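Engineer: Got run-v2.cif for you, mmCIF, C-alpha atoms and all ligand atoms; chains and numbers go by the auth columns:
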```cif
data_target
#
loop_
_atom_site.group_PDB
_atom_site.id
_atom_site.type_symbol
_atom_site.label_atom_id
_atom_site.label_comp_id
_atom_site.label_asym_id
_atom_site.label_seq_id
_atom_site.Cartn_x
_atom_site.Cartn_y
_atom_site.Cartn_z
_atom_site.B_iso_or_equiv
_atom_site.auth_seq_id
_atom_site.auth_asym_id
ATOM 1 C CA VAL A 1 53.750 -26.846 41.587 0.00 1 A
ATOM 2 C CA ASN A 2 54.750 -29.751 43.847 0.00 2 A
ATOM 3 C CA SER A 3 57.478 -30.942 46.230 0.00 3 A
ATOM 4 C CA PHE A 4 59.639 -33.225 44.064 0.00 4 A
ATOM 5 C CA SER A 5 63.212 -31.906 43.857 0.00 5 A
ATOM 6 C CA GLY A 6 66.266 -32.711 41.777 0.00 6 A
ATOM 7 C CA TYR A 7 64.486 -34.672 39.043 0.00 7 A
ATOM 8 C CA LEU A 8 65.762 -34.597 35.471 0.00 8 A
ATOM 9 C CA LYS A 9 63.038 -33.882 32.937 0.00 9 A
ATOM 10 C CA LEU A 10 62.948 -36.594 30.249 0.00 10 A
ATOM 11 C CA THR A 11 59.696 -35.680 28.466 0.00 11 A
ATOM 12 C CA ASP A 12 56.649 -33.478 28.943 0.00 12 A
ATOM 13 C CA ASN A 13 55.433 -35.765 31.750 0.00 13 A
ATOM 14 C CA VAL A 14 58.290 -38.125 32.809 0.00 14 A
ATOM 15 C CA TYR A 15 61.012 -37.110 35.283 0.00 15 A
ATOM 16 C CA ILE A 16 63.841 -39.232 36.713 0.00 16 A
ATOM 17 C CA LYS A 17 66.176 -39.162 39.738 0.00 17 A
ATOM 18 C CA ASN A 18 68.839 -41.408 41.288 0.00 18 A
ATOM 19 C CA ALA A 19 67.110 -41.878 44.634 0.00 19 A
ATOM 20 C CA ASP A 20 65.729 -44.377 47.107 0.00 20 A
ATOM 21 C CA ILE A 21 61.949 -44.349 46.582 0.00 21 A
ATOM 22 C CA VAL A 22 61.475 -44.875 50.342 0.00 22 A
ATOM 23 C CA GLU A 23 63.437 -41.732 51.164 0.00 23 A
ATOM 24 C CA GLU A 24 61.642 -39.821 48.412 0.00 24 A
ATOM 25 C CA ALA A 25 58.283 -40.940 49.795 0.00 25 A
ATOM 26 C CA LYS A 26 59.228 -39.969 53.353 0.00 26 A
ATOM 27 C CA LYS A 27 60.353 -36.524 52.182 0.00 27 A
ATOM 28 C CA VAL A 28 57.536 -35.719 49.738 0.00 28 A
ATOM 29 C CA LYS A 29 54.634 -37.759 51.136 0.00 29 A
ATOM 30 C CA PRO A 30 53.087 -38.003 47.651 0.00 30 A
ATOM 31 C CA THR A 31 49.478 -38.773 46.860 0.00 31 A
ATOM 32 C CA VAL A 32 50.519 -42.035 45.137 0.00 32 A
ATOM 33 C CA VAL A 33 53.629 -44.161 45.535 0.00 33 A
ATOM 34 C CA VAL A 34 53.916 -47.131 43.165 0.00 34 A
ATOM 35 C CA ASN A 35 55.048 -50.497 44.478 0.00 35 A
ATOM 36 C CA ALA A 36 56.725 -53.013 42.165 0.00 36 A
ATOM 37 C CA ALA A 37 54.505 -55.822 43.429 0.00 37 A
ATOM 38 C CA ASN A 38 54.039 -59.472 42.619 0.00 38 A
ATOM 39 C CA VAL A 39 50.583 -60.992 42.102 0.00 39 A
ATOM 40 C CA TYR A 40 50.486 -62.291 45.703 0.00 40 A
ATOM 41 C CA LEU A 41 51.414 -58.928 47.239 0.00 41 A
ATOM 42 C CA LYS A 42 54.240 -60.705 49.066 0.00 42 A
ATOM 43 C CA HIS A 43 56.599 -57.813 49.753 0.00 43 A
ATOM 44 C CA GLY A 44 59.880 -59.614 50.324 0.00 44 A
ATOM 45 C CA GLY A 45 62.618 -57.748 48.511 0.00 45 A
ATOM 46 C CA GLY A 46 63.374 -54.949 46.141 0.00 46 A
ATOM 47 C CA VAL A 47 61.056 -51.956 46.098 0.00 47 A
ATOM 48 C CA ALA A 48 58.284 -53.958 47.741 0.00 48 A
ATOM 49 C CA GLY A 49 60.386 -55.245 50.616 0.00 49 A
ATOM 50 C CA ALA A 50 61.853 -51.780 51.186 0.00 50 A
ATOM 51 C CA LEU A 51 58.479 -49.984 51.149 0.00 51 A
ATOM 52 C CA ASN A 52 56.944 -52.599 53.410 0.00 52 A
ATOM 53 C CA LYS A 53 59.828 -52.416 55.899 0.00 53 A
ATOM 54 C CA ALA A 54 59.397 -48.640 56.079 0.00 54 A
ATOM 55 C CA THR A 55 55.721 -49.177 57.026 0.00 55 A
ATOM 56 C CA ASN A 56 56.712 -51.465 59.919 0.00 56 A
ATOM 57 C CA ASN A 57 55.043 -54.397 58.030 0.00 57 A
ATOM 58 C CA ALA A 58 51.648 -52.636 57.986 0.00 58 A
ATOM 59 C CA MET A 59 51.668 -52.779 54.178 0.00 59 A
ATOM 60 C CA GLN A 60 52.053 -56.565 54.326 0.00 60 A
ATOM 61 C CA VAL A 61 49.232 -56.975 56.873 0.00 61 A
ATOM 62 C CA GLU A 62 46.877 -54.888 54.727 0.00 62 A
ATOM 63 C CA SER A 63 47.987 -56.769 51.608 0.00 63 A
ATOM 64 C CA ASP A 64 47.344 -60.190 53.144 0.00 64 A
ATOM 65 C CA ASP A 65 43.787 -59.129 53.989 0.00 65 A
ATOM 66 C CA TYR A 66 43.352 -57.869 50.403 0.00 66 A
ATOM 67 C CA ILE A 67 44.512 -61.198 48.928 0.00 67 A
ATOM 68 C CA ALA A 68 42.421 -63.238 51.376 0.00 68 A
ATOM 69 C CA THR A 69 39.364 -61.316 50.126 0.00 69 A
ATOM 70 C CA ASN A 70 40.085 -60.856 46.417 0.00 70 A
ATOM 71 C CA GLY A 71 42.684 -63.401 45.335 0.00 71 A
ATOM 72 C CA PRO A 72 45.844 -62.558 43.428 0.00 72 A
ATOM 73 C CA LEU A 73 46.367 -59.778 40.954 0.00 73 A
ATOM 74 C CA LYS A 74 47.065 -60.375 37.254 0.00 74 A
ATOM 75 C CA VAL A 75 50.502 -59.804 35.787 0.00 75 A
ATOM 76 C CA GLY A 76 50.048 -56.366 34.249 0.00 76 A
ATOM 77 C CA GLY A 77 47.396 -55.456 36.835 0.00 77 A
ATOM 78 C CA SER A 78 47.228 -53.310 39.944 0.00 78 A
ATOM 79 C CA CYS A 79 45.314 -52.418 43.063 0.00 79 A
ATOM 80 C CA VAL A 80 45.113 -49.248 45.176 0.00 80 A
ATOM 81 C CA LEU A 81 45.799 -49.695 48.897 0.00 81 A
ATOM 82 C CA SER A 82 46.886 -47.395 51.708 0.00 82 A
ATOM 83 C CA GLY A 83 50.199 -45.565 51.505 0.00 83 A
ATOM 84 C CA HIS A 84 50.540 -45.820 55.311 0.00 84 A
ATOM 85 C CA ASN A 85 53.250 -43.421 56.589 0.00 85 A
ATOM 86 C CA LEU A 86 54.770 -42.990 53.101 0.00 86 A
ATOM 87 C CA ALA A 87 51.994 -41.618 50.859 0.00 87 A
ATOM 88 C CA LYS A 88 48.231 -41.235 50.769 0.00 88 A
ATOM 89 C CA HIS A 89 47.887 -44.309 48.543 0.00 89 A
ATOM 90 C CA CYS A 90 50.086 -47.115 47.306 0.00 90 A
ATOM 91 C CA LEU A 91 49.406 -48.319 43.765 0.00 91 A
ATOM 92 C CA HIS A 92 50.656 -51.924 43.724 0.00 92 A
ATOM 93 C CA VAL A 93 51.539 -52.650 40.084 0.00 93 A
ATOM 94 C CA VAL A 94 52.645 -56.059 38.788 0.00 94 A
ATOM 95 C CA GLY A 95 55.152 -55.817 35.983 0.00 95 A
ATOM 96 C CA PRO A 96 56.255 -59.067 34.368 0.00 96 A
ATOM 97 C CA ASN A 97 59.104 -60.884 36.074 0.00 97 A
ATOM 98 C CA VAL A 98 61.168 -62.194 33.161 0.00 98 A
ATOM 99 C CA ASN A 99 63.213 -64.295 35.592 0.00 99 A
ATOM 100 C CA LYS A 100 59.954 -66.114 36.446 0.00 100 A
ATOM 101 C CA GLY A 101 59.069 -66.561 32.753 0.00 101 A
ATOM 102 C CA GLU A 102 56.387 -63.864 32.489 0.00 102 A
ATOM 103 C CA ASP A 103 55.489 -62.160 29.219 0.00 103 A
ATOM 104 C CA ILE A 104 57.442 -58.942 28.597 0.00 104 A
ATOM 105 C CA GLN A 105 54.592 -57.600 26.455 0.00 105 A
ATOM 106 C CA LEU A 106 52.674 -57.203 29.733 0.00 106 A
ATOM 107 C CA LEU A 107 55.039 -54.372 30.735 0.00 107 A
ATOM 108 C CA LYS A 108 53.021 -51.888 28.678 0.00 108 A
ATOM 109 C CA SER A 109 49.827 -53.060 30.382 0.00 109 A
ATOM 110 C CA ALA A 110 51.500 -52.603 33.770 0.00 110 A
ATOM 111 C CA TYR A 111 52.438 -48.997 32.950 0.00 111 A
ATOM 112 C CA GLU A 112 48.888 -48.258 31.736 0.00 112 A
ATOM 113 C CA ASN A 113 47.765 -48.478 35.392 0.00 113 A
ATOM 114 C CA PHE A 114 49.695 -45.243 36.027 0.00 114 A
ATOM 115 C CA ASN A 115 47.290 -43.338 33.749 0.00 115 A
ATOM 116 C CA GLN A 116 44.528 -43.610 36.368 0.00 116 A
ATOM 117 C CA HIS A 117 46.477 -41.211 38.644 0.00 117 A
ATOM 118 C CA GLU A 118 47.425 -37.604 37.942 0.00 118 A
ATOM 119 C CA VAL A 119 50.832 -37.732 39.690 0.00 119 A
ATOM 120 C CA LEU A 120 52.906 -40.710 40.856 0.00 120 A
ATOM 121 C CA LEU A 121 56.237 -41.450 42.510 0.00 121 A
ATOM 122 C CA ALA A 122 57.314 -44.736 40.945 0.00 122 A
ATOM 123 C CA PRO A 123 60.154 -47.201 40.322 0.00 123 A
ATOM 124 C CA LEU A 124 61.275 -48.508 36.924 0.00 124 A
ATOM 125 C CA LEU A 125 58.961 -51.491 36.447 0.00 125 A
ATOM 126 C CA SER A 126 60.398 -54.934 35.691 0.00 126 A
ATOM 127 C CA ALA A 127 64.016 -53.715 36.015 0.00 127 A
ATOM 128 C CA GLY A 128 66.685 -55.121 38.320 0.00 128 A
ATOM 129 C CA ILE A 129 65.666 -58.366 40.018 0.00 129 A
ATOM 130 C CA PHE A 130 62.579 -58.650 37.768 0.00 130 A
ATOM 131 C CA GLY A 131 65.014 -59.372 34.936 0.00 131 A
ATOM 132 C CA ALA A 132 63.881 -57.068 32.117 0.00 132 A
ATOM 133 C CA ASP A 133 66.050 -54.669 30.130 0.00 133 A
ATOM 134 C CA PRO A 134 65.823 -51.352 32.036 0.00 134 A
ATOM 135 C CA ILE A 135 66.440 -49.260 28.897 0.00 135 A
ATOM 136 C CA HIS A 136 63.395 -50.973 27.382 0.00 136 A
ATOM 137 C CA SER A 137 61.342 -50.381 30.531 0.00 137 A
ATOM 138 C CA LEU A 138 62.124 -46.657 30.451 0.00 138 A
ATOM 139 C CA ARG A 139 61.142 -46.472 26.771 0.00 139 A
ATOM 140 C CA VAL A 140 57.848 -48.266 27.453 0.00 140 A
ATOM 141 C CA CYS A 141 57.212 -45.898 30.368 0.00 141 A
ATOM 142 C CA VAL A 142 57.727 -42.729 28.309 0.00 142 A
ATOM 143 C CA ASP A 143 55.658 -44.142 25.434 0.00 143 A
ATOM 144 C CA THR A 144 52.770 -45.345 27.666 0.00 144 A
ATOM 145 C CA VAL A 145 52.303 -43.099 30.696 0.00 145 A
ATOM 146 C CA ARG A 146 50.494 -39.808 30.012 0.00 146 A
ATOM 147 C CA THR A 147 50.163 -38.600 33.615 0.00 147 A
ATOM 148 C CA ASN A 148 53.004 -37.043 35.606 0.00 148 A
ATOM 149 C CA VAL A 149 55.486 -39.660 36.777 0.00 149 A
ATOM 150 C CA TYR A 150 58.553 -39.121 38.967 0.00 150 A
ATOM 151 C CA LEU A 151 60.825 -42.142 38.586 0.00 151 A
ATOM 152 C CA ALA A 152 63.204 -43.052 41.411 0.00 152 A
ATOM 153 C CA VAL A 153 66.086 -45.262 40.229 0.00 153 A
ATOM 154 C CA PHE A 154 68.036 -46.759 43.132 0.00 154 A
ATOM 155 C CA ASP A 155 71.148 -48.057 41.381 0.00 155 A
ATOM 156 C CA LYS A 156 73.550 -45.182 40.598 0.00 156 A
ATOM 157 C CA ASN A 157 75.310 -46.897 37.695 0.00 157 A
ATOM 158 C CA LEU A 158 71.916 -47.815 36.223 0.00 158 A
ATOM 159 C CA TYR A 159 70.656 -44.230 36.497 0.00 159 A
ATOM 160 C CA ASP A 160 73.738 -42.961 34.667 0.00 160 A
ATOM 161 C CA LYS A 161 73.306 -45.615 31.954 0.00 161 A
ATOM 162 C CA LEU A 162 69.599 -44.820 31.494 0.00 162 A
ATOM 163 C CA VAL A 163 70.198 -41.084 31.141 0.00 163 A
ATOM 164 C CA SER A 164 73.204 -41.433 28.851 0.00 164 A
ATOM 165 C CA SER A 165 71.333 -43.794 26.491 0.00 165 A
ATOM 166 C CA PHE A 166 67.915 -42.114 26.473 0.00 166 A
ATOM 167 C CA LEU A 167 66.532 -41.170 23.075 0.00 167 A
HETATM 168 O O1 LIG B . 67.781 -49.997 40.751 0.00 201 B
HETATM 169 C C1 LIG B . 66.632 -49.734 40.298 0.00 201 B
HETATM 170 O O2 LIG B . 66.143 -48.589 40.246 0.00 201 B
HETATM 171 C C2 LIG B . 65.729 -50.859 39.754 0.00 201 B
HETATM 172 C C3 LIG B . 64.974 -51.556 40.900 0.00 201 B
HETATM 173 N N1 LIG B . 64.681 -50.553 41.892 0.00 201 B
HETATM 174 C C4 LIG B . 64.748 -50.755 43.215 0.00 201 B
HETATM 175 O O3 LIG B . 65.013 -51.833 43.745 0.00 201 B
HETATM 176 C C5 LIG B . 64.469 -49.536 44.022 0.00 201 B
HETATM 177 N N2 LIG B . 64.171 -48.380 43.385 0.00 201 B
HETATM 178 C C6 LIG B . 63.970 -47.278 44.099 0.00 201 B
HETATM 179 N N3 LIG B . 64.050 -47.146 45.419 0.00 201 B
HETATM 180 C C7 LIG B . 64.358 -48.291 46.045 0.00 201 B
HETATM 181 N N4 LIG B . 64.521 -48.464 47.394 0.00 201 B
HETATM 182 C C8 LIG B . 64.839 -49.779 47.654 0.00 201 B
HETATM 183 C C9 LIG B . 64.918 -50.471 46.471 0.00 201 B
HETATM 184 C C10 LIG B . 64.601 -49.538 45.430 0.00 201 B
HETATM 185 C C11 LIG B . 63.708 -52.261 40.485 0.00 201 B
HETATM 186 C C12 LIG B . 63.662 -53.643 40.264 0.00 201 B
HETATM 187 C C13 LIG B . 62.471 -54.268 39.871 0.00 201 B
HETATM 188 C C14 LIG B . 61.319 -53.503 39.686 0.00 201 B
HETATM 189 C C15 LIG B . 61.371 -52.129 39.889 0.00 201 B
HETATM 190 F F1 LIG B . 60.264 -51.373 39.681 0.00 201 B
HETATM 191 C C16 LIG B . 62.559 -51.503 40.254 0.00 201 B
#
```
Represent the structure from my file as C-alpha cells, please.

Structural biologist:
Amino acid sequence: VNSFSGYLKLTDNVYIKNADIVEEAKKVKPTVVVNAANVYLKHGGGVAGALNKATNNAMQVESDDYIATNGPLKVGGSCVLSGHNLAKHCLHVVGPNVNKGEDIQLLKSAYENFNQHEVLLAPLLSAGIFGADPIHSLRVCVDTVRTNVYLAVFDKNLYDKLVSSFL
C-alpha cells in the first residue's frame, strides 16, 4: 500500500492520472521519479525543464557533472541520479524524439528501463513535444513495463483522449 491517489487502473501494473508530475512528486515523494530526458541531460523544457526548475537547478548541476564524466546517454537508455527534493532517485530515460528524427522502435527499449525499479512515477515517454503518437506510447508502456508504474499526464485533453481510446 502506497501514497498515490486518484489514479485510474489501466492494467494489473499500470495506473494513470491527469496531473503535473512535479506536484505528484512533491506530494508523494516517491522512490523513483522518471524524467523524460535527452541524451545530453539538458533539462530545458517539458517534463525535464519542469522537474529541474523544481529542484532549483540542482538536477542540472548534477547532470552536467554526470555527462562530463560519462558522456551522453543512448536514445533508449537511462541513468539513475538523485531525486533531490522530489524523490529518492530520478531515472532519466531517453525516449526517441521523432521531431529530431529518432527511431520510434527505440520507445520500447526506453520503457524497458522501468523494469529495473519496483515502483515508478513517470510521464508518457516520447509524447507531446517529443513528437510521437501518445496512444502508441501508452500501448507500448502497458505491453513493456512489468513493474508498477503511475503515469502522470499533464495535458487534460490528452488524458481524456488516452482513457477514452484505451484498449
Ligand atoms: O502532456 C503530457 O502528459 C505529455 C508530456 N508531458 C509533460 O510535459 C508533463 N507531464 C507531466 N507533468 C508535467 N509537468 C510539466 C510538464 C509535464 C510529455 C512530452 C514528452 C515526453 C513525455 F514523457 C511527456

Engineer: Using all atoms listed in the file, which residues of chain A come within 7 Å of ligand LIG 201 (chain B), and what is the closest atom pair for each, with the distance in Å to one decimal? Give it as a tab-separated table, sorted by chain and residue number.

Structural biologist:
```
residue	atom	partner	partner_atom	distance
A:19	CA	B:LIG201	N3	6.1
A:20	CA	B:LIG201	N3	3.7
A:21	CA	B:LIG201	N3	3.7
A:22	CA	B:LIG201	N4	5.6
A:36	CA	B:LIG201	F1	4.6
A:46	CA	B:LIG201	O3	4.3
A:47	CA	B:LIG201	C9	4.2
A:50	CA	B:LIG201	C8	5.0
A:123	CA	B:LIG201	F1	4.2
A:124	CA	B:LIG201	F1	4.1
A:125	CA	B:LIG201	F1	3.5
A:126	CA	B:LIG201	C14	4.3
A:127	CA	B:LIG201	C13	4.2
A:128	CA	B:LIG201	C12	3.9
A:129	CA	B:LIG201	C12	5.1
A:130	CA	B:LIG201	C13	4.9
A:152	CA	B:LIG201	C6	5.1
A:153	CA	B:LIG201	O2	3.3
A:154	CA	B:LIG201	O2	3.9
A:155	CA	B:LIG201	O1	3.9
A:158	CA	B:LIG201	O1	6.5
```

Engineer: Starting from the shown file, work through the PyMOL selection byres (((chain A and resi 117) around 10) and not hetatm) and note down what comes out as JSON, numbers by chain.

Structural biologist: {"A": [31, 32, 91, 113, 114, 115, 116, 118, 119, 120, 146, 147, 148, 149]}

Engineer: Can you list what the PyMOL selection byres (((chain A and resi 99) around 10) and not hetatm) grabs from this structure, as a ChimeraX atom specification?

Structural biologist: /A:96-98,100-102,126,129-132

Engineer: How would you write, as number ranges by chain, the residues chosen by the PyMOL selection byres (((chain A and resi 106) around 7) and not hetatm) on this structure?

Structural biologist: A: 75-76, 95-96, 103-105, 107-110

Engineer: Please, could you write that set of residues out with C-alpha atoms as a PDB file, keeping the file's coordinate frame?

Structural biologist:
```pdb
ATOM      1  CA  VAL A  75      50.502 -59.804  35.787  1.00  0.00           C
ATOM      2  CA  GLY A  76      50.048 -56.366  34.249  1.00  0.00           C
ATOM      3  CA  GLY A  95      55.152 -55.817  35.983  1.00  0.00           C
ATOM      4  CA  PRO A  96      56.255 -59.067  34.368  1.00  0.00           C
ATOM      5  CA  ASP A 103      55.489 -62.160  29.219  1.00  0.00           C
ATOM      6  CA  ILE A 104      57.442 -58.942  28.597  1.00  0.00           C
ATOM      7  CA  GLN A 105      54.592 -57.600  26.455  1.00  0.00           C
ATOM      8  CA  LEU A 107      55.039 -54.372  30.735  1.00  0.00           C
ATOM      9  CA  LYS A 108      53.021 -51.888  28.678  1.00  0.00           C
ATOM     10  CA  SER A 109      49.827 -53.060  30.382  1.00  0.00           C
ATOM     11  CA  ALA A 110      51.500 -52.603  33.770  1.00  0.00           C
TER      12      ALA A 110
END
```

Engineer: A:121, A:162, A:8, A:140: which is nearest residue A:29, counting all atoms listed in the file?

Structural biologist: A:121

Engineer: Distance atom CA of residue A:82-atom CA of residue A:7, one decimal place?

Structural biologist: 25.1 Å

Engineer: Please indicate the distance in Å from atom CA of residue A:44 to atom CA of residue A:28, rounded to one decimal place.

Structural biologist: 24.0 Å

Engineer: Given all atoms listed in the file as the basis, pick out the residue of A:58, A:51, A:45, A:39 nearest to residue A:72.

Structural biologist: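 That would be A:39, the residue with the smallest distance to residue A:72.
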
Engineer: Which residues, written as number ranges by chain, have at least one atom at most 12 Å from residue A:9, with all atoms listed in the file counted and residues fewer than 2 positions away on the same chain left out?

Structural biologist: A: 4-7, 11-17, 142, 148-151, 163, 166

Engineer: Could you check which of A:133, A:112, A:62, A:23 is closest to residue A:161, using only C-alpha atoms?

Structural biologist: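 Once distances to residue A:161 are computed over only C-alpha atoms, the minimum belongs to A:133.
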
Engineer: Could you work out how far atom CA of residue A:139 lies from atom CA of residue A:111, giving the answer in Å with one decimal?

Structural biologist: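 So the answer is 11.0 Å.
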
Engineer: Taking N, CA and C atoms as the atom set, what does stretch 21-37 of chain A look like once completed, written as a PDB file, in the frame of the given file?

Structural biologist:
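The resulting file, out31.pdb, is reproduced below:
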```pdb
ATOM      1  N   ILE A  21      63.371 -44.680  46.592  1.00  0.00           N
ATOM      2  CA  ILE A  21      61.949 -44.349  46.582  1.00  0.00           C
ATOM      3  C   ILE A  21      61.386 -44.221  47.991  1.00  0.00           C
ATOM      4  N   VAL A  22      61.931 -44.976  48.955  1.00  0.00           N
ATOM      5  CA  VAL A  22      61.475 -44.875  50.342  1.00  0.00           C
ATOM      6  C   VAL A  22      61.804 -43.503  50.907  1.00  0.00           C
ATOM      7  N   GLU A  23      63.035 -43.043  50.675  1.00  0.00           N
ATOM      8  CA  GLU A  23      63.437 -41.732  51.164  1.00  0.00           C
ATOM      9  C   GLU A  23      62.685 -40.626  50.442  1.00  0.00           C
ATOM     10  N   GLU A  24      62.457 -40.789  49.136  1.00  0.00           N
ATOM     11  CA  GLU A  24      61.642 -39.821  48.412  1.00  0.00           C
ATOM     12  C   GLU A  24      60.232 -39.763  48.977  1.00  0.00           C
ATOM     13  N   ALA A  25      59.635 -40.924  49.254  1.00  0.00           N
ATOM     14  CA  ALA A  25      58.283 -40.940  49.795  1.00  0.00           C
ATOM     15  C   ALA A  25      58.240 -40.289  51.170  1.00  0.00           C
ATOM     16  N   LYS A  26      59.224 -40.578  52.024  1.00  0.00           N
ATOM     17  CA  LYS A  26      59.228 -39.969  53.353  1.00  0.00           C
ATOM     18  C   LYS A  26      59.350 -38.453  53.266  1.00  0.00           C
ATOM     19  N   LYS A  27      60.109 -37.958  52.288  1.00  0.00           N
ATOM     20  CA  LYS A  27      60.353 -36.524  52.182  1.00  0.00           C
ATOM     21  C   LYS A  27      59.162 -35.796  51.568  1.00  0.00           C
ATOM     22  N   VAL A  28      58.543 -36.389  50.552  1.00  0.00           N
ATOM     23  CA  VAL A  28      57.536 -35.719  49.738  1.00  0.00           C
ATOM     24  C   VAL A  28      56.123 -36.043  50.212  1.00  0.00           C
ATOM     25  N   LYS A  29      55.946 -37.237  50.770  1.00  0.00           N
ATOM     26  CA  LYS A  29      54.634 -37.759  51.136  1.00  0.00           C
ATOM     27  C   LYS A  29      53.647 -37.592  49.978  1.00  0.00           C
ATOM     28  N   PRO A  30      53.908 -38.233  48.842  1.00  0.00           N
ATOM     29  CA  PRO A  30      53.087 -38.003  47.651  1.00  0.00           C
ATOM     30  C   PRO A  30      51.699 -38.599  47.799  1.00  0.00           C
ATOM     31  N   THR A  31      50.805 -38.168  46.913  1.00  0.00           N
ATOM     32  CA  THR A  31      49.478 -38.773  46.860  1.00  0.00           C
ATOM     33  C   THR A  31      49.552 -40.264  46.544  1.00  0.00           C
ATOM     34  N   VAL A  32      50.390 -40.651  45.581  1.00  0.00           N
ATOM     35  CA  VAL A  32      50.519 -42.035  45.137  1.00  0.00           C
ATOM     36  C   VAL A  32      51.991 -42.406  45.056  1.00  0.00           C
ATOM     37  N   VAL A  33      52.369 -43.463  45.767  1.00  0.00           N
ATOM     38  CA  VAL A  33      53.629 -44.161  45.535  1.00  0.00           C
ATOM     39  C   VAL A  33      53.309 -45.494  44.875  1.00  0.00           C
ATOM     40  N   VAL A  34      54.077 -45.853  43.846  1.00  0.00           N
ATOM     41  CA  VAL A  34      53.916 -47.131  43.165  1.00  0.00           C
ATOM     42  C   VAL A  34      54.838 -48.168  43.788  1.00  0.00           C
ATOM     43  N   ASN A  35      54.272 -49.336  44.092  1.00  0.00           N
ATOM     44  CA  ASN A  35      55.048 -50.497  44.478  1.00  0.00           C
ATOM     45  C   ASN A  35      55.231 -51.433  43.294  1.00  0.00           C
ATOM     46  N   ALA A  36      56.450 -51.962  43.141  1.00  0.00           N
ATOM     47  CA  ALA A  36      56.725 -53.013  42.165  1.00  0.00           C
ATOM     48  C   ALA A  36      56.371 -54.352  42.808  1.00  0.00           C
ATOM     49  N   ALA A  37      55.084 -54.675  42.751  1.00  0.00           N
ATOM     50  CA  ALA A  37      54.505 -55.822  43.429  1.00  0.00           C
ATOM     51  C   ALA A  37      54.629 -57.095  42.599  1.00  0.00           C
TER      52      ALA A  37
END
```
